[PDB]
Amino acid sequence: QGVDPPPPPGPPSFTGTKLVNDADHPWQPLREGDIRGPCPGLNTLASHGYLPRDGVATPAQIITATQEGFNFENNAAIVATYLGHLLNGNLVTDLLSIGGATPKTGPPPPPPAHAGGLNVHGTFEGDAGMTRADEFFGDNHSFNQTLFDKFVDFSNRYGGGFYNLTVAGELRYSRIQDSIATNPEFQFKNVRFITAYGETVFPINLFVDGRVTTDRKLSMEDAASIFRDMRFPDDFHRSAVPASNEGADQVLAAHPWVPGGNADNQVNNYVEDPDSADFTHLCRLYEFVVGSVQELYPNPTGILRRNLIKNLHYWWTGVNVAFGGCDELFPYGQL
């Protein structure tokens, strides 16, 4: 049993704006067994049928869906998708849950690997999210109205009632402070440190209608529609160019910050980690993740070994471009 995993799709042929909330991709409510998780992007694509509506998909489906639905840039899609798949997907069946555990991903892999989906805390998903609560408080996937209220507040205080790059700079810092003060297990290093800055500009670059060319800013009605209800705005047109994390540099600049966490199970006790990846040391992220994959798969032998080798190579093709050159690692050798 098992699947032979194809290489990732390339960029879409057509890269302009278009109506994505169309007749063939209607919003529909969740059925029994349907899965949703911490990503509002993937959630919206599933609830409109760009992904399978049950929220379980192949890497290739996820990549084509983020491109068709949102014009997410090809390399960015590769980096995110195979990261999620290596850590949280089933490499043998080639299926990833965008939320929690489900029989739909197929017969479970050998522990410590889990294939328990994007909900799994610790190596990918982490703390100081915009509309999701830290895992320490008991739920890392659900929309949180109190946190959305803070999104609205900061938009009112810094963005004239809209979400824009200024708001993102301020909100990111403030959420870090919230977690320092209230979460003794707060971690903000490695994958999370990098992903946390990119996530704060995705709403600007990808959730703002593509026909808006100037003074791009997101309304709270549209924010609520996507973040809470998993629904495209009416007549939503995607970005007119492939995009991802443009502006993330500026968000960090507004309140410079260093990877680390609360030490010794205590609040207000943030200690820097000088070994973590950061924005001038991106290849460390690659090495760390390959490390984590070795911990999940200490001695694979069969179809599982084959599919690990392929998925690792696929990921590297994206990482190499995105991080400006990394030496490929071969922890399971060549095919």
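In this text, residue numbers run from 1 along the sequence as written.
*Asks:* Mean C-alpha B factor from the entry: is it higher for 255-263 or for 230-238?
*Replies:* If you average the C-alpha B-factors of 255-263 and of 230-238, the larger mean comes out for 255-263.
*Asks:* May I ask you to compare 303-311 and 44-52 by their mean CA B factor in the entry and name the higher one?
*Replies:* Between 44-52 and 303-311, it is 303-311 that shows the higher mean C-alpha B-factor.
*Asks:* Among 30, 62, 39, 282, where is the Cα B factor highest in this entry?
*Replies:* It is 282.
*Asks:* Per the entry's Cα B factor values, which of 190, 71, 81, 144 stands out as the maximum?
*Replies:* Highest C-alpha B-factor among the listed residues goes to 190.
*Asks:* Name the third of the chain's ranked CA B-factors that contains residue 100, choosing lowest, middle or highest.
*Replies:* Residue 100: CA B-factor falls in the middle third of its chain.
*Asks:* Where does the C-alpha B-factor of residue 116 rank in its chain, lowest, middle or highest third?
*Replies:* For residue 116, the deposited C-alpha B-factor lands in the middle third.
*Asks:* Please rank the C-alpha B-factors of the chain's modelled residues and tell me whether residue 9 sits in the lowest, middle or highest third.
*Replies:* Tercile = lowest for this residue's CA B-factor.
*Asks:* Pull the Cα B-factor of residue 151 out of the PDB entry and bin it into the chain's lowest, middle or highest third.
*Replies:* For residue 151, the deposited C-alpha B-factor lands in the lowest third.
*Asks:* Splitting the chain's C-alpha B-factors into thirds, which one does residue 271 fall into?
*Replies:* Its C-alpha B-factor, which the entry lists for residue 271, ranks in the highest third among residues of this chain.
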